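Contents: one structure, followed by commentary.
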Amino acid sequence: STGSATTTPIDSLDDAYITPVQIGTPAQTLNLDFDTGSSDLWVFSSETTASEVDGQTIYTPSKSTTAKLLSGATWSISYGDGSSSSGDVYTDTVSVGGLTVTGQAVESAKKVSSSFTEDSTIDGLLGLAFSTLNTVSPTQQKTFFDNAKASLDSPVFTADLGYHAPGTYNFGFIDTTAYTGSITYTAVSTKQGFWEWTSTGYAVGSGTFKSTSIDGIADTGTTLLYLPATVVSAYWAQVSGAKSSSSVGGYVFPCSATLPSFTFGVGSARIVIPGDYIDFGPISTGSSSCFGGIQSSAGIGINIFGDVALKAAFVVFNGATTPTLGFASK
């Protein structure tokens with residue numbers, strides 16, 4: 001089998017992407033944030049604390065003839081941006097772009113933190129990291145991909161995120177019309193439960209390529225590109241007036257600037273992030289200080305190839321017995 005679904009930016013900055021997901025019978029369609037950096041599929045629901053729901057579409061398991069309470073199971077998750085959610089668990093039928101999994105764990109939120117409530121466009125998350133990170137207790141549950149894998153034509157999914165435009169998540173096949181050149185594959189470590197890999201280096205604008213190993217994760221659920229302070233400093237040094245602001249929480253730059261591109265290595269191949277992809281707009285409405293899309297990972301503890309990087313590429317998440325990652329230009 002295969003599936004194919006369009007993924008759409010939630011706002012004009014590409015802060016995140018939502019993909020429609022059918023849950024239950026009859027289908028209840030929720031717009032979920034597909035997140036290759038976590039492993040829980042959780043939704044706003046009829047059980048979510050009323051004051052914490054503000055415009056989201058909810059899953060109501062009592063209206064689904066295929067929903068079953070997973071007795072005794074609870075979940076609780078905290079994300080890198082300081083947000084969190086928790087609740088109980090149902091199994092139900094879940095379909096993405098025509099690909100159906102029966103008995104998928106659908107984690108129903110009883111509580112969500114403020115930043116989830118305040119974002120009306122995201123109805124939950126669909127985790128696509130390794131199932132070893134799934135938070136369900138006392139019996140850990142499998143991701144949608146893990147459950148679908150054996151049935152797929154090929155045990156892969158691909159992320160093709162757009163810049164200020166829709167894109168595509170495919171399951172079970174590689175769309176050879178969706179990228180240019182060849183896909184370069186690179187080794188993955190699953191030791192931390194992430195799609196963790198090692199970039200071979202970087203360049204800033206038309207500068208020379210620096211060969212240096214950068215371990216990090218391919219994370220569709222993080223907006224920005226987080227890299228070592230040395231790399232990030234080298235980038236922003238090429239932008240007149242750019243500076244790291246402790247008050248704002250990262251590098252800012254004059255909105256009048258023209259940003260240079262940033263290139264990252266995948267083996268001997270190179271992915272070029274255009275400068276405009278690195279512009280996250282005014283720090284506050286009406287400001288002429290703009291927020292940078294490349295930020296330091298210092299004090300995160302891991303480098304993160306988030307949407308800023310991934311949207312410059314066609315990305316293959318190869319879930320074969322030994323997983324790998326593939327990147328192509330597009």
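A note on labels: chains of the structure tokens are A, B, ... as shown, every chain counts residues from 1, and ligands are counted from 1 in their shown order.
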
Select from range 9-119 of chain A every residue with an atom at most 9 Å from any atom of range 143-149 of chain A, then for each give the shortest pair of atoms and their distance in Å to one decimal, using only C-alpha atoms, rows by chain and rising number, as CSV.
residue,atom,partner,partner_atom,distance
A:39,CA,A:143,CA,5.9
A:40,CA,A:143,CA,6.6
A:41,CA,A:143,CA,7.0
A:94,CA,A:144,CA,8.1
A:99,CA,A:148,CA,8.0
A:100,CA,A:148,CA,7.7
A:101,CA,A:148,CA,6.1
A:102,CA,A:147,CA,8.6
A:103,CA,A:147,CA,8.8
A:104,CA,A:144,CA,6.6
A:105,CA,A:143,CA,7.8

Any chance you could export the current selection's C-alpha atoms as a short mmCIF file (atom, residue, chain, number, x, y, z; two decimals), in the first residue's frame?
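Result went into part.cif, see below:
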data_model
loop_
_atom_site.label_atom_id
_atom_site.label_comp_id
_atom_site.auth_asym_id
_atom_site.auth_seq_id
_atom_site.Cartn_x
_atom_site.Cartn_y
_atom_site.Cartn_z
CA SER A 39 6.63 9.45 18.56
CA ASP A 40 3.14 10.12 19.93
CA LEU A 41 0.00 10.60 17.87
CA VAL A 94 -6.33 6.21 11.27
CA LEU A 99 -3.18 4.71 3.77
CA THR A 100 -5.11 3.10 6.63
CA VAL A 101 -3.89 1.64 9.91
CA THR A 102 -6.37 -0.17 12.14
CA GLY A 103 -5.74 -0.33 15.88
CA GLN A 104 -3.58 2.80 15.92
CA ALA A 105 -3.01 4.33 19.34
#

At a cut-off of 9 Å, can you tabulate as a Markdown table every residue of range 219-269 of chain A near range 1-15 of chain A together with its closest atom pair and the distance in Å to one decimal, using only C-alpha atoms and ordering rows by chain then number?
| residue | atom | partner | partner_atom | distance |
| --- | --- | --- | --- | --- |
| A:222 | CA | A:15 | CA | 8.4 |
| A:223 | CA | A:15 | CA | 5.5 |
| A:224 | CA | A:15 | CA | 8.4 |

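Nearest residue to residue 133 in chain A among A:86, A:213, A:49, A:78 is A:78, counting only C-alpha atoms.
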
| task | Write out as a PyMOL selection string all residues of range 48-296 of chain A that backbone DSSP assigns to strand (DSSP E). | result | chain A and resi 68-78+84-96+99-112+124-127+156-160+167-171+184-187+196-204+210-218+225-227+243-245+250-254+262-266+269-273+279-282+289-292+294-296

| task | For residue 210 in chain A, work out the shell of residues within 12 Å, counting only C-alpha atoms and skipping chain neighbours fewer than 4 positions away, then give it as a list in words. | result |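 Selected residues are residues 199, 200, 201, 202, 203, 204, 206, 214, 230, 231, 234, 262, 263, 264, 265 and 270 of chain A.
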
| query | Taking only C-alpha atoms into account, which of A:30, A:96, A:152, A:300 comes nearest residue 79 in chain A? | reply |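 Closest to residue 79 in chain A of all the choices is A:300.
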
| query | So how many Å separate CA of residue 59 in chain A and CA of residue 127 in chain A, to one decimal? | reply |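 About the pair CA of residue 59 in chain A and CA of residue 127 in chain A: they are 17.0 Å apart.
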
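The smallest atom-to-atom distance between residue 180 in chain A and any of A:75, A:116, A:130, A:327, using only C-alpha atoms, is found for A:327.
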
Please report as a tab-separated table every residue of range 124-173 of chain A lying within 9 Å of range 305-312 of chain A, along with the nearest atom pair and their distance in Å (one decimal), using only C-alpha atoms.
residue	atom	partner	partner_atom	distance
A:159	CA	A:310	CA	7.9
A:160	CA	A:311	CA	6.5
A:161	CA	A:311	CA	4.6
A:162	CA	A:311	CA	5.7
A:163	CA	A:311	CA	6.4
A:167	CA	A:311	CA	8.9

| message | Taking 2 positions as the minimum chain separation for residues in the same chain, which residues sit within 8 Å of range 60-66 of chain A when counting only C-alpha atoms? Answer as a PyMOL selection string. | response | chain A and resi 24-27+45-47+58+68+90+92-93

Please produce an output containing N, CA, C and O atoms for each residue in the selection, written as a short mmCIF file (atom, residue, chain, number, x, y, z; two decimals), in the first residue's frame.
data_model
loop_
_atom_site.label_atom_id
_atom_site.label_comp_id
_atom_site.auth_asym_id
_atom_site.auth_seq_id
_atom_site.Cartn_x
_atom_site.Cartn_y
_atom_site.Cartn_z
N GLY A 24 -11.14 7.43 13.06
CA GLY A 24 -12.42 6.89 13.47
C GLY A 24 -13.40 6.58 12.36
O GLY A 24 -13.11 6.76 11.17
N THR A 25 -14.56 6.09 12.77
CA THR A 25 -15.62 5.69 11.85
C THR A 25 -16.96 6.19 12.37
O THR A 25 -17.37 5.85 13.48
N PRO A 26 -17.65 7.06 11.62
CA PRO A 26 -17.21 7.73 10.39
C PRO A 26 -15.98 8.58 10.65
O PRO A 26 -15.67 8.93 11.79
N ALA A 27 -15.28 8.91 9.59
CA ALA A 27 -14.06 9.66 9.74
C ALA A 27 -14.29 10.99 10.42
O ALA A 27 -15.25 11.71 10.13
N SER A 45 -9.39 16.70 21.93
CA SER A 45 -10.49 15.77 21.99
C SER A 45 -11.62 16.29 22.85
O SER A 45 -11.53 17.33 23.49
N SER A 46 -12.70 15.52 22.87
CA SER A 46 -13.83 15.79 23.75
C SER A 46 -13.47 15.70 25.24
O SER A 46 -14.24 16.12 26.10
N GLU A 47 -12.29 15.15 25.53
CA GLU A 47 -11.82 15.01 26.91
C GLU A 47 -10.90 16.16 27.31
O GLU A 47 -10.58 16.30 28.49
N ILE A 58 -11.75 18.86 17.43
CA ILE A 58 -11.56 17.81 18.41
C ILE A 58 -11.99 16.45 17.88
O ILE A 58 -12.92 16.35 17.07
N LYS A 68 -11.82 2.25 20.76
CA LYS A 68 -11.82 1.44 21.96
C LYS A 68 -10.84 2.05 22.96
O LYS A 68 -9.70 2.37 22.62
N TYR A 90 -6.93 5.82 23.20
CA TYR A 90 -7.84 4.95 22.49
C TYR A 90 -7.08 4.24 21.39
O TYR A 90 -6.02 4.71 20.97
N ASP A 92 -7.94 3.24 17.39
CA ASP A 92 -8.96 3.53 16.39
C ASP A 92 -8.31 3.42 15.01
O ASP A 92 -7.09 3.27 14.87
N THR A 93 -9.13 3.54 13.99
CA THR A 93 -8.65 3.52 12.61
C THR A 93 -8.17 4.90 12.21
O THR A 93 -8.89 5.89 12.38
#
